[PDB]
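coords03.cif follows (mmCIF, N, CA and C atoms; chains and numbers go by the auth columns):
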data_structure
#
loop_
_atom_site.group_PDB
_atom_site.id
_atom_site.type_symbol
_atom_site.label_atom_id
_atom_site.label_comp_id
_atom_site.label_asym_id
_atom_site.label_seq_id
_atom_site.Cartn_x
_atom_site.Cartn_y
_atom_site.Cartn_z
_atom_site.B_iso_or_equiv
_atom_site.auth_seq_id
_atom_site.auth_asym_id
ATOM 1 N N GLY A 1 -16.925 25.587 -231.293 0.00 1 A
ATOM 2 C CA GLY A 1 -17.643 25.466 -230.004 0.00 1 A
ATOM 3 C C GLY A 1 -17.081 24.359 -229.139 0.00 1 A
ATOM 4 N N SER A 2 -15.766 24.356 -228.966 0.00 2 A
ATOM 5 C CA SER A 2 -15.104 23.348 -228.160 0.00 2 A
ATOM 6 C C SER A 2 -15.258 23.665 -226.679 0.00 2 A
ATOM 7 N N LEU A 3 -16.165 22.957 -226.028 0.00 3 A
ATOM 8 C CA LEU A 3 -16.406 23.141 -224.608 0.00 3 A
ATOM 9 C C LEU A 3 -15.317 22.440 -223.810 0.00 3 A
ATOM 10 N N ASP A 4 -14.822 21.349 -224.380 0.00 4 A
ATOM 11 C CA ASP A 4 -13.768 20.550 -223.772 0.00 4 A
ATOM 12 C C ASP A 4 -12.521 21.385 -223.550 0.00 4 A
ATOM 13 N N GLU A 5 -12.272 22.319 -224.460 0.00 5 A
ATOM 14 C CA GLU A 5 -11.135 23.228 -224.350 0.00 5 A
ATOM 15 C C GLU A 5 -11.100 23.892 -222.973 0.00 5 A
ATOM 16 N N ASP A 6 -12.212 24.501 -222.590 0.00 6 A
ATOM 17 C CA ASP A 6 -12.306 25.174 -221.299 0.00 6 A
ATOM 18 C C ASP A 6 -12.309 24.155 -220.169 0.00 6 A
ATOM 19 N N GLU A 7 -12.888 22.994 -220.443 0.00 7 A
ATOM 20 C CA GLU A 7 -12.971 21.925 -219.460 0.00 7 A
ATOM 21 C C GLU A 7 -11.598 21.336 -219.160 0.00 7 A
ATOM 22 N N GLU A 8 -10.717 21.340 -220.155 0.00 8 A
ATOM 23 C CA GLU A 8 -9.331 20.927 -219.961 0.00 8 A
ATOM 24 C C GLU A 8 -8.678 21.752 -218.863 0.00 8 A
ATOM 25 N N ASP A 9 -8.832 23.064 -218.956 0.00 9 A
ATOM 26 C CA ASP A 9 -8.252 23.968 -217.971 0.00 9 A
ATOM 27 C C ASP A 9 -9.048 23.939 -216.671 0.00 9 A
ATOM 28 N N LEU A 10 -10.342 23.657 -216.780 0.00 10 A
ATOM 29 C CA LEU A 10 -11.210 23.566 -215.612 0.00 10 A
ATOM 30 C C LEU A 10 -10.787 22.389 -214.741 0.00 10 A
ATOM 31 N N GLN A 11 -10.624 21.219 -215.352 0.00 11 A
ATOM 32 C CA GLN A 11 -10.189 20.043 -214.607 0.00 11 A
ATOM 33 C C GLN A 11 -8.719 20.177 -214.222 0.00 11 A
ATOM 34 N N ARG A 12 -8.001 21.015 -214.963 0.00 12 A
ATOM 35 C CA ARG A 12 -6.641 21.394 -214.605 0.00 12 A
ATOM 36 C C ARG A 12 -6.661 22.136 -213.271 0.00 12 A
ATOM 37 N N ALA A 13 -7.531 23.137 -213.172 0.00 13 A
ATOM 38 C CA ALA A 13 -7.718 23.887 -211.936 0.00 13 A
ATOM 39 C C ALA A 13 -8.113 22.964 -210.787 0.00 13 A
ATOM 40 N N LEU A 14 -8.973 21.992 -211.078 0.00 14 A
ATOM 41 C CA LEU A 14 -9.380 21.007 -210.078 0.00 14 A
ATOM 42 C C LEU A 14 -8.178 20.201 -209.592 0.00 14 A
ATOM 43 N N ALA A 15 -7.414 19.654 -210.534 0.00 15 A
ATOM 44 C CA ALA A 15 -6.214 18.887 -210.204 0.00 15 A
ATOM 45 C C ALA A 15 -5.194 19.769 -209.493 0.00 15 A
ATOM 46 N N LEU A 16 -5.149 21.026 -209.900 0.00 16 A
ATOM 47 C CA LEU A 16 -4.281 22.014 -209.289 0.00 16 A
ATOM 48 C C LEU A 16 -4.613 22.152 -207.804 0.00 16 A
ATOM 49 N N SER A 17 -5.891 22.355 -207.504 0.00 17 A
ATOM 50 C CA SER A 17 -6.347 22.482 -206.125 0.00 17 A
ATOM 51 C C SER A 17 -6.209 21.156 -205.372 0.00 17 A
ATOM 52 N N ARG A 18 -6.233 20.049 -206.111 0.00 18 A
ATOM 53 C CA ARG A 18 -6.033 18.731 -205.520 0.00 18 A
ATOM 54 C C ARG A 18 -4.671 18.648 -204.854 0.00 18 A
ATOM 55 N N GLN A 19 -3.641 19.111 -205.558 0.00 19 A
ATOM 56 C CA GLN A 19 -2.288 19.097 -205.014 0.00 19 A
ATOM 57 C C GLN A 19 -2.056 20.285 -204.078 0.00 19 A
ATOM 58 N N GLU A 20 -2.844 21.348 -204.242 0.00 20 A
ATOM 59 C CA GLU A 20 -2.809 22.474 -203.310 0.00 20 A
ATOM 60 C C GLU A 20 -3.162 22.007 -201.906 0.00 20 A
ATOM 61 N N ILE A 21 -4.304 21.353 -201.787 0.00 21 A
ATOM 62 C CA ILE A 21 -4.757 20.849 -200.507 0.00 21 A
ATOM 63 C C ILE A 21 -4.038 19.543 -200.174 0.00 21 A
ATOM 64 N N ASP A 22 -4.455 18.463 -200.841 0.00 22 A
ATOM 65 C CA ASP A 22 -3.974 17.106 -200.562 0.00 22 A
ATOM 66 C C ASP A 22 -3.747 16.904 -199.065 0.00 22 A
ATOM 67 N N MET A 23 -4.816 17.052 -198.296 0.00 23 A
ATOM 68 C CA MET A 23 -4.730 17.007 -196.845 0.00 23 A
ATOM 69 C C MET A 23 -5.977 16.336 -196.286 0.00 23 A
ATOM 70 N N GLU A 24 -5.788 15.209 -195.617 0.00 24 A
ATOM 71 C CA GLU A 24 -6.904 14.354 -195.224 0.00 24 A
ATOM 72 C C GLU A 24 -7.435 14.689 -193.825 0.00 24 A
ATOM 73 N N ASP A 25 -7.870 15.927 -193.625 0.00 25 A
ATOM 74 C CA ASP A 25 -8.497 16.310 -192.357 0.00 25 A
ATOM 75 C C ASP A 25 -9.715 17.218 -192.577 0.00 25 A
ATOM 76 N N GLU A 26 -9.550 18.517 -192.379 0.00 26 A
ATOM 77 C CA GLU A 26 -10.634 19.475 -192.561 0.00 26 A
ATOM 78 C C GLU A 26 -10.656 19.896 -194.020 0.00 26 A
ATOM 79 N N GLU A 27 -9.461 20.095 -194.555 0.00 27 A
ATOM 80 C CA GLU A 27 -9.276 20.385 -195.967 0.00 27 A
ATOM 81 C C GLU A 27 -9.806 19.241 -196.824 0.00 27 A
ATOM 82 N N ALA A 28 -9.882 18.053 -196.228 0.00 28 A
ATOM 83 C CA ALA A 28 -10.437 16.881 -196.894 0.00 28 A
ATOM 84 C C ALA A 28 -11.872 17.123 -197.354 0.00 28 A
ATOM 85 N N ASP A 29 -12.548 18.076 -196.721 0.00 29 A
ATOM 86 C CA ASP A 29 -13.891 18.460 -197.149 0.00 29 A
ATOM 87 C C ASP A 29 -13.818 19.185 -198.484 0.00 29 A
ATOM 88 N N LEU A 30 -12.850 20.091 -198.598 0.00 30 A
ATOM 89 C CA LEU A 30 -12.594 20.797 -199.850 0.00 30 A
ATOM 90 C C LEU A 30 -12.141 19.799 -200.908 0.00 30 A
ATOM 91 N N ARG A 31 -11.316 18.853 -200.483 0.00 31 A
ATOM 92 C CA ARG A 31 -10.884 17.747 -201.332 0.00 31 A
ATOM 93 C C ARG A 31 -12.095 16.995 -201.883 0.00 31 A
ATOM 94 N N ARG A 32 -13.056 16.730 -201.004 0.00 32 A
ATOM 95 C CA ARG A 32 -14.278 16.031 -201.380 0.00 32 A
ATOM 96 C C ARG A 32 -15.123 16.898 -202.313 0.00 32 A
ATOM 97 N N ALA A 33 -14.997 18.216 -202.169 0.00 33 A
ATOM 98 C CA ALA A 33 -15.711 19.159 -203.022 0.00 33 A
ATOM 99 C C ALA A 33 -15.172 19.120 -204.451 0.00 33 A
ATOM 100 N N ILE A 34 -13.868 18.897 -204.591 0.00 34 A
ATOM 101 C CA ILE A 34 -13.266 18.738 -205.909 0.00 34 A
ATOM 102 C C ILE A 34 -13.796 17.461 -206.546 0.00 34 A
ATOM 103 N N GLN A 35 -13.868 16.408 -205.741 0.00 35 A
ATOM 104 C CA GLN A 35 -14.416 15.135 -206.192 0.00 35 A
ATOM 105 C C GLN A 35 -15.868 15.319 -206.626 0.00 35 A
ATOM 106 N N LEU A 36 -16.621 16.062 -205.821 0.00 36 A
ATOM 107 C CA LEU A 36 -18.015 16.361 -206.100 0.00 36 A
ATOM 108 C C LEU A 36 -18.139 17.083 -207.442 0.00 36 A
ATOM 109 N N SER A 37 -17.291 18.081 -207.644 0.00 37 A
ATOM 110 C CA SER A 37 -17.269 18.831 -208.890 0.00 37 A
ATOM 111 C C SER A 37 -16.908 17.926 -210.070 0.00 37 A
ATOM 112 N N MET A 38 -15.986 16.994 -209.844 0.00 38 A
ATOM 113 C CA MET A 38 -15.563 16.061 -210.873 0.00 38 A
ATOM 114 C C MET A 38 -16.695 15.100 -211.237 0.00 38 A
ATOM 115 N N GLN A 39 -17.613 14.888 -210.299 0.00 39 A
ATOM 116 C CA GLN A 39 -18.778 14.041 -210.543 0.00 39 A
ATOM 117 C C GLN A 39 -19.785 14.752 -211.447 0.00 39 A
ATOM 118 N N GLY A 40 -19.482 15.999 -211.786 0.00 40 A
ATOM 119 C CA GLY A 40 -20.329 16.763 -212.679 0.00 40 A
ATOM 120 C C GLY A 40 -21.628 17.174 -212.023 0.00 40 A
ATOM 121 N N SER A 41 -21.620 17.241 -210.700 0.00 41 A
ATOM 122 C CA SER A 41 -22.821 17.562 -209.952 0.00 41 A
ATOM 123 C C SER A 41 -22.823 19.023 -209.518 0.00 41 A
ATOM 124 N N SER A 42 -23.762 19.781 -210.061 0.00 42 A
ATOM 125 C CA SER A 42 -23.963 21.164 -209.672 0.00 42 A
ATOM 126 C C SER A 42 -25.194 21.258 -208.763 0.00 42 A
ATOM 127 N N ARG A 43 -25.901 22.382 -208.790 0.00 43 A
ATOM 128 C CA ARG A 43 -27.122 22.524 -207.996 0.00 43 A
ATOM 129 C C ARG A 43 -28.297 21.773 -208.632 0.00 43 A
ATOM 130 N N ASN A 44 -28.007 20.969 -209.648 0.00 44 A
ATOM 131 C CA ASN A 44 -29.035 20.185 -210.325 0.00 44 A
ATOM 132 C C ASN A 44 -29.301 18.900 -209.554 0.00 44 A
ATOM 133 N N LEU A 45 -30.015 19.018 -208.445 0.00 45 A
ATOM 134 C CA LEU A 45 -30.334 17.863 -207.619 0.00 45 A
ATOM 135 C C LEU A 45 -31.685 17.284 -208.011 0.00 45 A
ATOM 136 N N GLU A 46 -32.671 18.154 -208.138 0.00 46 A
ATOM 137 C CA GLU A 46 -34.009 17.746 -208.522 0.00 46 A
ATOM 138 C C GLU A 46 -34.303 18.220 -209.935 0.00 46 A
#
Spit out the file's structure as structure tokens when you get a sec.
Amino acid sequence: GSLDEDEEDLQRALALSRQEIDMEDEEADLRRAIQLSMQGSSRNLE
């Protein structure tokens, strides 16, 4: 039950999209979304 296994590729995809965008304007919002995802924050606000 290695969850980290999938998370390795998941954060890989995140880093992948990081270099895909890497643009500090409008895409910077998507960039911030990767950061948000890396913060482990989903729809679990309340």
Next item on the list: Could you jot down the CA of residue 14 (chain A) to CA of residue 35 (chain A) separation for me, Å, one decimal place?
Entry: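 A separation of 8.7 Å between them.
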Checklist line | Selection result of the PyMOL selection byres (((chain A and resi 31-33 and name CA) around 12) and name CA) on this file, as a PyMOL selection string | finding: chain A and resi 14-30+34-42
Which of chain A fall in alpha helix (DSSP H), as a PDB file with N, CA and C atoms, in the coordinates of the input:
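Dumped everything to out27.pdb:
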ATOM      1  N   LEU A   3     -16.165  22.957-226.028  1.00  0.00           N
ATOM      2  CA  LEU A   3     -16.406  23.141-224.608  1.00  0.00           C
ATOM      3  C   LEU A   3     -15.317  22.440-223.810  1.00  0.00           C
ATOM      4  N   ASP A   4     -14.822  21.349-224.380  1.00  0.00           N
ATOM      5  CA  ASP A   4     -13.768  20.550-223.772  1.00  0.00           C
ATOM      6  C   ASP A   4     -12.521  21.385-223.550  1.00  0.00           C
ATOM      7  N   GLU A   5     -12.272  22.319-224.460  1.00  0.00           N
ATOM      8  CA  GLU A   5     -11.135  23.228-224.350  1.00  0.00           C
ATOM      9  C   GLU A   5     -11.100  23.892-222.973  1.00  0.00           C
ATOM     10  N   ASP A   6     -12.212  24.501-222.590  1.00  0.00           N
ATOM     11  CA  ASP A   6     -12.306  25.174-221.299  1.00  0.00           C
ATOM     12  C   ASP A   6     -12.309  24.155-220.169  1.00  0.00           C
ATOM     13  N   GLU A   7     -12.888  22.994-220.443  1.00  0.00           N
ATOM     14  CA  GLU A   7     -12.971  21.925-219.460  1.00  0.00           C
ATOM     15  C   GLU A   7     -11.598  21.336-219.160  1.00  0.00           C
ATOM     16  N   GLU A   8     -10.717  21.340-220.155  1.00  0.00           N
ATOM     17  CA  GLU A   8      -9.331  20.927-219.961  1.00  0.00           C
ATOM     18  C   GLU A   8      -8.678  21.752-218.863  1.00  0.00           C
ATOM     19  N   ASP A   9      -8.832  23.064-218.956  1.00  0.00           N
ATOM     20  CA  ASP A   9      -8.252  23.968-217.971  1.00  0.00           C
ATOM     21  C   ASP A   9      -9.048  23.939-216.671  1.00  0.00           C
ATOM     22  N   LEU A  10     -10.342  23.657-216.780  1.00  0.00           N
ATOM     23  CA  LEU A  10     -11.210  23.566-215.612  1.00  0.00           C
ATOM     24  C   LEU A  10     -10.787  22.389-214.741  1.00  0.00           C
ATOM     25  N   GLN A  11     -10.624  21.219-215.352  1.00  0.00           N
ATOM     26  CA  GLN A  11     -10.189  20.043-214.607  1.00  0.00           C
ATOM     27  C   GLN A  11      -8.719  20.177-214.222  1.00  0.00           C
ATOM     28  N   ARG A  12      -8.001  21.015-214.963  1.00  0.00           N
ATOM     29  CA  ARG A  12      -6.641  21.394-214.605  1.00  0.00           C
ATOM     30  C   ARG A  12      -6.661  22.136-213.271  1.00  0.00           C
ATOM     31  N   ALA A  13      -7.531  23.137-213.172  1.00  0.00           N
ATOM     32  CA  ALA A  13      -7.718  23.887-211.936  1.00  0.00           C
ATOM     33  C   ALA A  13      -8.113  22.964-210.787  1.00  0.00           C
ATOM     34  N   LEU A  14      -8.973  21.992-211.078  1.00  0.00           N
ATOM     35  CA  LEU A  14      -9.380  21.007-210.078  1.00  0.00           C
ATOM     36  C   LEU A  14      -8.178  20.201-209.592  1.00  0.00           C
ATOM     37  N   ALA A  15      -7.414  19.654-210.534  1.00  0.00           N
ATOM     38  CA  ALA A  15      -6.214  18.887-210.204  1.00  0.00           C
ATOM     39  C   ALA A  15      -5.194  19.769-209.493  1.00  0.00           C
ATOM     40  N   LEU A  16      -5.149  21.026-209.900  1.00  0.00           N
ATOM     41  CA  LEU A  16      -4.281  22.014-209.289  1.00  0.00           C
ATOM     42  C   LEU A  16      -4.613  22.152-207.804  1.00  0.00           C
ATOM     43  N   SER A  17      -5.891  22.355-207.504  1.00  0.00           N
ATOM     44  CA  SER A  17      -6.347  22.482-206.125  1.00  0.00           C
ATOM     45  C   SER A  17      -6.209  21.156-205.372  1.00  0.00           C
ATOM     46  N   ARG A  18      -6.233  20.049-206.111  1.00  0.00           N
ATOM     47  CA  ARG A  18      -6.033  18.731-205.520  1.00  0.00           C
ATOM     48  C   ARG A  18      -4.671  18.648-204.854  1.00  0.00           C
ATOM     49  N   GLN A  19      -3.641  19.111-205.558  1.00  0.00           N
ATOM     50  CA  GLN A  19      -2.288  19.097-205.014  1.00  0.00           C
ATOM     51  C   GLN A  19      -2.056  20.285-204.078  1.00  0.00           C
ATOM     52  N   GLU A  20      -2.844  21.348-204.242  1.00  0.00           N
ATOM     53  CA  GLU A  20      -2.809  22.474-203.310  1.00  0.00           C
ATOM     54  C   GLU A  20      -3.162  22.007-201.906  1.00  0.00           C
ATOM     55  N   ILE A  21      -4.304  21.353-201.787  1.00  0.00           N
ATOM     56  CA  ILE A  21      -4.757  20.849-200.507  1.00  0.00           C
ATOM     57  C   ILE A  21      -4.038  19.543-200.174  1.00  0.00           C
ATOM     58  N   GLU A  27      -9.461  20.095-194.555  1.00  0.00           N
ATOM     59  CA  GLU A  27      -9.276  20.385-195.967  1.00  0.00           C
ATOM     60  C   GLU A  27      -9.806  19.241-196.824  1.00  0.00           C
ATOM     61  N   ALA A  28      -9.882  18.053-196.228  1.00  0.00           N
ATOM     62  CA  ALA A  28     -10.437  16.881-196.894  1.00  0.00           C
ATOM     63  C   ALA A  28     -11.872  17.123-197.354  1.00  0.00           C
ATOM     64  N   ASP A  29     -12.548  18.076-196.721  1.00  0.00           N
ATOM     65  CA  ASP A  29     -13.891  18.460-197.149  1.00  0.00           C
ATOM     66  C   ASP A  29     -13.818  19.185-198.484  1.00  0.00           C
ATOM     67  N   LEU A  30     -12.850  20.091-198.598  1.00  0.00           N
ATOM     68  CA  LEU A  30     -12.594  20.797-199.850  1.00  0.00           C
ATOM     69  C   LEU A  30     -12.141  19.799-200.908  1.00  0.00           C
ATOM     70  N   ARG A  31     -11.316  18.853-200.483  1.00  0.00           N
ATOM     71  CA  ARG A  31     -10.884  17.747-201.332  1.00  0.00           C
ATOM     72  C   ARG A  31     -12.095  16.995-201.883  1.00  0.00           C
ATOM     73  N   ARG A  32     -13.056  16.730-201.004  1.00  0.00           N
ATOM     74  CA  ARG A  32     -14.278  16.031-201.380  1.00  0.00           C
ATOM     75  C   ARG A  32     -15.123  16.898-202.313  1.00  0.00           C
ATOM     76  N   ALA A  33     -14.997  18.216-202.169  1.00  0.00           N
ATOM     77  CA  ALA A  33     -15.711  19.159-203.022  1.00  0.00           C
ATOM     78  C   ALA A  33     -15.172  19.120-204.451  1.00  0.00           C
ATOM     79  N   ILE A  34     -13.868  18.897-204.591  1.00  0.00           N
ATOM     80  CA  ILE A  34     -13.266  18.738-205.909  1.00  0.00           C
ATOM     81  C   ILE A  34     -13.796  17.461-206.546  1.00  0.00           C
ATOM     82  N   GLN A  35     -13.868  16.408-205.741  1.00  0.00           N
ATOM     83  CA  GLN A  35     -14.416  15.135-206.192  1.00  0.00           C
ATOM     84  C   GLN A  35     -15.868  15.319-206.626  1.00  0.00           C
ATOM     85  N   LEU A  36     -16.621  16.062-205.821  1.00  0.00           N
ATOM     86  CA  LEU A  36     -18.015  16.361-206.100  1.00  0.00           C
ATOM     87  C   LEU A  36     -18.139  17.083-207.442  1.00  0.00           C
ATOM     88  N   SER A  37     -17.291  18.081-207.644  1.00  0.00           N
ATOM     89  CA  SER A  37     -17.269  18.831-208.890  1.00  0.00           C
ATOM     90  C   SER A  37     -16.908  17.926-210.070  1.00  0.00           C
ATOM     91  N   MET A  38     -15.986  16.994-209.844  1.00  0.00           N
ATOM     92  CA  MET A  38     -15.563  16.061-210.873  1.00  0.00           C
ATOM     93  C   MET A  38     -16.695  15.100-211.237  1.00  0.00           C
TER      94      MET A  38
END
Output, as AutoDock Vina command-line options, the centre and edge lengths in Å (one decimal) of the axis-aligned box that contains all listed atoms of region 38-43 of chain A with 8 Å of margin on each side.
--center_x -21.9 --center_y 18.3 --center_z -210.3 --size_x 28.7 --size_y 24.5 --size_z 20.7
